[PDB]
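Since the structure comes first, as structure tokens, the remarks are kept for the end.
Computed from the coordinates by the stated procedures, all read-outs in this text should not be read as laboratory data. Here the Cβ positions follow ideal geometry from the backbone for every residue, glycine too, while neighbour counts run over all protein chains shown.
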Amino acid sequence: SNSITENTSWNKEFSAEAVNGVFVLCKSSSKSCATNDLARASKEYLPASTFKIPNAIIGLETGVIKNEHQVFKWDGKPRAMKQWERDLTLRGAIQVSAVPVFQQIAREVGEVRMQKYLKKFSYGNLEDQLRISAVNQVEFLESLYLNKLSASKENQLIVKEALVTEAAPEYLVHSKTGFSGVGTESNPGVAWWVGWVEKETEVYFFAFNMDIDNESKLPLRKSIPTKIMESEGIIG
Amino acid sequence: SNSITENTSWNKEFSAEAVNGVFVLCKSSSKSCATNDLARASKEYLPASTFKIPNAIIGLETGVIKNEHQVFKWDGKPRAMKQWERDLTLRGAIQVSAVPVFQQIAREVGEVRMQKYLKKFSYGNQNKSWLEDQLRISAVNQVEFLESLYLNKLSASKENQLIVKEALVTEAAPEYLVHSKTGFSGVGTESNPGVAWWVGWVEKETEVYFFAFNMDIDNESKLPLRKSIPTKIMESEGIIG
């Protein structure tokens with residue numbers, strides 16, 4: 001029996017940074033989610049680089065991504081960022097959100113196959129022609145964690161390992177950042193931080209998004225959720 | 001036909017701490033490895049908790065470990081260590097080297113199948129409930145075995161190999177992922193010192209580094225060196241940190 005609760009206590013962390021956003025934290029064992037804003041938790045936004053998670057699974061399931069050790073070689077021709085100008089593994093391409101690598105994977109999969117898997121994954125309603133909510137992100141990440149997506153357990157495991165961003169004796173953090181851009185002062189951009197924490201035998205799924213009009217605010221997409229999860233005693 | 005090259009430059013890291021031990025570091029594959037001591041690199045020692053790597057793979061292959069999300073429930077009966085007195089995941093059991101969890105896995109596997117898997121994995125010298133004490137494995141054999149695991153070439157499903165690889169993650173950074181396992185036989189005596197291990201691999205962008213470290217240890221206070229010496233060597237190589 002799935003449930004969600006509104007917790008005004010986290011508004012502190014948003015107010016202190018003057019951030020308009022939402023944090024959704026779900027405890028797997030109790031099938032209970034908590035958020036600071038139910039309305040925004042259900043609102044759909046451009047996924048930006050969070051879309052690299054389903055794109056990676058689809059890339060492996062279709063065969064476009066050969067296997068776990070697939071290397072995305074750089075032809076030497078300049079790219080939007082120097083961090084993309086080199087050979088990358090799946091983990092490498094995911095961490096730096098390498099646009100050209102995932103655009104190439106998407107082209108080889110094709111429009112029809114890409115849409116077929118996104119419907120099967122219930123992923124929102126091609127990265128720019130799609131919108132997804134924080135609640136939809138945690139549901140999708142839980143399906144991935146449980147290997148319940150329409151793809152082999154092996155391909156789901158490859159993507160889960162490639163998303164590892166923090167390891168401690170008591171927990172493993174799997175996560176993905178997203179940033180659509182600054183947008184305009186009228187219609188701001190969106191910044192995301194989504195993932196899950198395997199802490200002892202408990203699993204916590206999280207999705208954070210915020211309005212962003214200045215690239216200088218990007219660090220807040222990790223600091224606000226990190227402070228909330230630290231105060232919940234989930235991570236350090 | 002793998003080769004091992006002696007590198008007297010790391011001797012400094014050992015001598016300074018007055019440590020008798022070996023570090024083996026292989027870039028890309030176990031084909032060409034570097035070490036501070038050719039002789040000791042190939043010398044076989046008891047694996048201690050490093051044995052929990054093949055134990056976990058065999059547990060999964062035999063179905064004793066049902067799947068990736070297996071929980072090892074605590075029966076409430078006091079254990080040798082407080083950190084083992086709770087339910088544990090495969091990663092949790094591996095991280096605290098939970099003896100009771102792995103002893104039970106070994107029993108369910110059976111000494112029969114266990115020995116057939118170890119032979120098929122080329123794990124240690126091929127010459128019951130004392131595997132971590134009876135087995136003998138070299139630092140070179142550890143990096144060869146970890147390279148097979150990494151490449152999914154052991155006689156096990158890709159899925160079971162991937163589950164164990166994820167459970168061994170100990171450090172994550174934007175540029176690298178460290179998979180490792182500690183081992184400690186005990187302090188032994190000055191005449192017969194125990195052995196301390198740190199084995200694993202680093203996925204550094206497109207490159208992979210396999211490592212195996214072991215040292216004589218006759219005093220508890222020296223334990224930190226099993227991680228600090230290899231870390232300092234890999235930090236100087238620009239692999240981690």
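Tell me which residues, restricted to the stretch A:124-143, are touching a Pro at 6+ places or on another chain (Cβ under 9 Å) and among the aliphatic types (A, V, I, L, M). Even if it seems obvious, please write down each step before you answer.
Here is the first cut: in the stretch A:124-143, the ones touching a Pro at 6+ places or on another chain (Cβ under 9 Å) are A:124, A:127, A:130-132, A:137, A:140.
Of everything in the stretch A:124-143, those that are touching a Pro at 6+ places or on another chain (Cβ under 9 Å) and among the aliphatic types (A, V, I, L, M) turn out to be A:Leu130, A:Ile132.
Answer yes or no as to whether B:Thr182 is polar (S, T, N, Q), out of contact with any helix residue (DSSP H, G or I) (no Cβ under 7 Å at 6 or more places or on another chain) and either closer than 28 Å to B:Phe23 by Cβ or surrounded by fewer than 20 Cβ atoms within 10 Å (Cβ to Cβ) (or both). Please lay out each step first, then the result.
Working: polar (S, T, N, Q): yes; out of contact with any helix residue (DSSP H, G or I) (no Cβ under 7 Å at 6 or more places or on another chain): no; either closer than 28 Å to B:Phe23 by Cβ or surrounded by fewer than 20 Cβ atoms within 10 Å (Cβ to Cβ) (or both): yes.
Here the answer is no, as B:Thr182 does not meet what is asked.
Only residues in the stretch A:83-102 that are facing chain B (nearest Cβ under 7 Å) count as the first member; pair them with residues that are part of a helix (DSSP H, G or I), Cβ under 6 angstrom, at least 6 apart or cross-chain, and list the lot.
A:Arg91/A:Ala162
State whether the residues of the stretch B:153-171 include one that is surrounded by fewer than 18 Cβ atoms within 10 Å (Cβ to Cβ) and of a type in the set (A, V, I, L, M).
No; the residues of the stretch B:153-171 include none that is surrounded by fewer than 18 Cβ atoms within 10 Å (Cβ to Cβ) and of a type in the set (A, V, I, L, M).
May I ask you to verify whether A:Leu220 is surrounded by 15 or more Cβ atoms within 10 Å (Cβ to Cβ) and within 14 Å of chain B (Cβ to nearest Cβ)? Show your work before the answer.
Working: surrounded by 15 or more Cβ atoms within 10 Å (Cβ to Cβ): yes; within 14 Å of chain B (Cβ to nearest Cβ): no.
Taking the combined requirement at face value, the residue does not satisfy it.
Select from the stretch A:196-210 the residues that are farther than 11 Å from A:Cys26 by Cα and within 14 Å of another protein chain (Cβ to nearest Cβ) and write down the one among them that is surrounded by the fewest Cβ atoms within 10 Å (Cβ to Cβ).
Here the answer is A:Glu200.
If I ask for residues that are at the interface with another protein chain (Cβ under 8 Å from one of its Cβ atoms) and more than 29 Å from B:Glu6 (Cα to Cα), which ones from the stretch B:170-181 would you list?
Selection gives B:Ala172, B:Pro174.
Can you tell me which residue is farthest from A:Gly181 (Cα to Cα) among those in the stretch A:115-134 that are crowded, with 22+ Cβ neighbours inside 10 Å and of a type in the set (A, V, I, L, M, F, W, C)? Please lay out each step first, then the result.
The initial filter retains those residues of the stretch A:115-134 that are crowded, with 22+ Cβ neighbours inside 10 Å, namely A:123, A:132, A:134.
Right, trim to of a type in the set (A, V, I, L, M, F, W, C) and you get A:132, A:134.
Numbers: A:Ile132: 16, A:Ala134: 18 Å.
Among them, the one singled out is A:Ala134.
Of all residues in the stretch A:32-88, which are under 22 Å from A:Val159 (Cβ atoms) and small (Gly, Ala, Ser)?
Once the filter is applied, which keeps residues that are under 22 Å from A:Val159 (Cβ atoms) and small (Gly, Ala, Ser), the stretch A:32-88 yields A:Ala48, A:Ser49, A:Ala56, A:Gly59, A:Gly63.
Could you check the stretch B:139-241 for strands (runs of 3 or more DSSP E) lying wholly inside it with 2 or more residues that are of a type in the set (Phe, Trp, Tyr)?
Where strands (runs of 3 or more DSSP E) fall fully within the stretch B:139-241 and carry at least 2 residues being of a type in the set (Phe, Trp, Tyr), they are B:176-184, B:194-204, B:207-217.
Just to be sure before I move on: is B:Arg136 within 14 Å of chain A (Cβ to nearest Cβ), of a type outside the set (A, V, I, L, M, F, W, C) and more than 30 Å from A:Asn67 (Cα to Cα) in the structure I sent? Write out each step before concluding.
Details: within 14 Å of chain A (Cβ to nearest Cβ): no; of a type outside the set (A, V, I, L, M, F, W, C): yes; more than 30 Å from A:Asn67 (Cα to Cα): yes.
Spelling it out, it is not the case that B:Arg136 is within 14 Å of chain A (Cβ to nearest Cβ), of a type outside the set (A, V, I, L, M, F, W, C) and more than 30 Å from A:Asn67 (Cα to Cα).
From the list B:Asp37, B:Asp75, which residue is away from chain A (no Cβ under 14 Å) and over 25 Å from B:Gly124 (Cβ atoms)?
It is B:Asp75.
Please specify each residue of the stretch B:142-166 satisfying the condition of being over 12 Å from the mean Cα position of the chain (by Cα) and within 9 Å of chain A (Cβ to nearest Cβ).
Passing the criteria: B:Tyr150, B:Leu151, B:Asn152, B:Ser157, B:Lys158, B:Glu159, B:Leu162, B:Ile163, B:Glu166.
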